[PDB]
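Protein chains in written order, with the deposited numbering: chain B, 1 to 62; chain A, 1 to 62; chain A', 1 to 62; chain C, 1 to 62; chain B', 1 to 62; chain C', 1 to 62. A prime marks a further copy of an entry chain.
Built from N, CA and C at the ideal position, the CB exists for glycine as well.
There are 6 protein chains.
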Amino acid sequence: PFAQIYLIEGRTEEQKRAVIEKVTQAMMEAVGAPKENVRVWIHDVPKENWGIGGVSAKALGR
Amino acid sequence: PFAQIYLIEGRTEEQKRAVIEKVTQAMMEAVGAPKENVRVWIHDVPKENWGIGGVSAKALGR
Amino acid sequence: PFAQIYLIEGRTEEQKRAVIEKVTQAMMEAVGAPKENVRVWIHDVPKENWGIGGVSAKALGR
Amino acid sequence: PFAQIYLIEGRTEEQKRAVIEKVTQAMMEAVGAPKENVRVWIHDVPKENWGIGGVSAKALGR
Amino acid sequence: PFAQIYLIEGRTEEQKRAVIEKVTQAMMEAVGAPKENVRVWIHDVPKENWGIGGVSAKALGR
Amino acid sequence: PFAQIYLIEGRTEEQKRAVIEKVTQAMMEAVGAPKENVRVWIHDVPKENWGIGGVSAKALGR
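The following block contains the structure:
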């Protein structure tokens with residue numbers, strides 16, 4: 001299985017590292033996938049590019 | 001509902017803000033979603049990364 | 001530009017048609033795309049497949 | 001944050017429920033997001049639609 | 001590398017099989033990926049769900 | 001048809017040009033689409049953002 005994660009830009013390499021590790025373990029537990037068959041990848045979305053209720057994350061002071 | 005929007009790179013912050021605002025309004029009008037539940041995010045695609053009938057926008061730009 | 005829209009399953013043909021029409025109008029207004037260059041497509045997500053804070057819409061439906 | 005999960009079709013309701021809760025917990029842990037800010041959705045991909053080394057999952061006898 | 005393909009619903013298992021084979025070979029040629037590291041997967045989009053210029057594929061008689 | 005391509009970041013312009021032309025040709029062959037109906041776009045994924053068996057591509061020394 002594959003997991004595509006979308007995050008607002010600015011998380012650290014460490015947090016990214018924990019996303020990949022924890023979501024890999026989650027996918028292993030939930031569906032029994034061999035660890036080495038699990039791909040997780042992350043899109044960093046700029047704050048001008050992410051909207052919640054019609055207002056950008058940049059406007060919302062995220 | 002969620003909308004993921006793909007644009008060739010280079011739109012300004014205000015152009016992207018108008019995408020967030022107007023696509024959120026479109027979704028509220030079309031499906032009656034509460035404004036605050038609507039998420040829009042935008043991917044900026046480099047010119048060298050976007051193909052139209054086998055030729056990248058960068059090559060069609062020249 | 002392209003828009004990929006995610007909706008919980010069960011919208012009608014006309015609801016989906018209004019998403020196509022209104023998001024295409026939104027994109028033309030926001031980025032000045034020619035109407036004929038705009039592509040919208042919609043994914044219907046099963047209730048059992050859509051999670052909001054760790055609980056599926058199917059479980060929150062009951 | 002958002003997580004978009006791709007699985008070969010055929011996972012049961014319970015398996016998806018485990019994907020939703022475990023991935024959501026993973027993301028809370030990894031980036032310090034509140035429960036209500038994590039969205040997880042799953043795409044079930046038909047066996048004839050999923051390719052691994054140029055062969056379908058159906059083809060590989062799954 | 002990964003390739004996600006979007007097709008209007010109705011292509012045959014054979015055409016799907018050729019998509020997976022040919023796009024796998026394309027990704028091998030273009031980027032030198034070991035054949036067995038190449039995943040290709042296909043989304044069949046219903047004709048009520050795909051829009052071109054604000055009009056559904058179903059309306060367009062596709 | 002549309003093809004969305006995910007690559008670890010770092011492919012040169014020429015490699016992407018080969019991804020665009022070869023994938024487009026692949027799709028023309030496989031489903032009998034005219035050249036001008038095939039859209040191909042590429043996402044460059046940072047090495048720290050791409051996970052394989054719970055480890056980043058950076059981590060795996062790429």
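Around the beta-carbon of B/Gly10, fewer than 16 other beta-carbon atoms lie within 10 Å, marking it exposed. CA-to-CA, the gap between C'/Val38 and B/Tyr6 works out to about 26 Å. Here A'/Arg17 is buried: its Cβ has 16 or more other Cβ atoms, across all protein chains shown, within 10 Å. Residues of chain B with a Cβ closer than 9 Å to the Cβ of A/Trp50 do not exist; the shortest Cβ-Cβ separation is about 16 Å. Excluding five sequence positions before and after A/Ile20, the CB atoms of its chain that fall closer than 6 Å to its own CB belong to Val40, given in chain order.
With distances taken between CA atoms, C'/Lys58 lies nearest to C'/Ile8 out of C'/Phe2, C'/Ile8, C'/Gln4 and C'/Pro1. With a threshold of 16 other beta carbon atoms within 10 Å, C/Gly32 falls short and is exposed. The beta carbon of B'/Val45 sits closer than 9 Å to some beta carbon of chain A'. Of the other Cβ atoms in all chains shown, 16 or more fall within 10 Å of the Cβ of B/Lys22; this residue is therefore buried. When DSSP states are grouped into helix, strand and coil, C'/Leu7 belongs to the strand group.
Closer than 9 Å to the CB of C/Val55 there is at least one CB belonging to chain B'. Closer than 9 Å to the CB of C'/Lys58 there is at least one CB belonging to chain B. Excluding its 5 nearest sequence neighbours in each direction, B'/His43 has C-beta neighbours in its own chain below 6 Å: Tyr6, listed in chain order. Cα atoms of A'/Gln25 and A'/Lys35: separation of roughly 8 Å, rounded to the nearest angstrom. Burial of B'/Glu48 is indicated by the presence of at least 16 other C-beta atoms within 10 angstroms of its C-beta. At the C-beta level, B/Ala30 and C/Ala3 stay beyond 9 Å of one another. In the three-state reduction of the DSSP assignment, A'/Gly51 falls in the strand class, which pools E and B.
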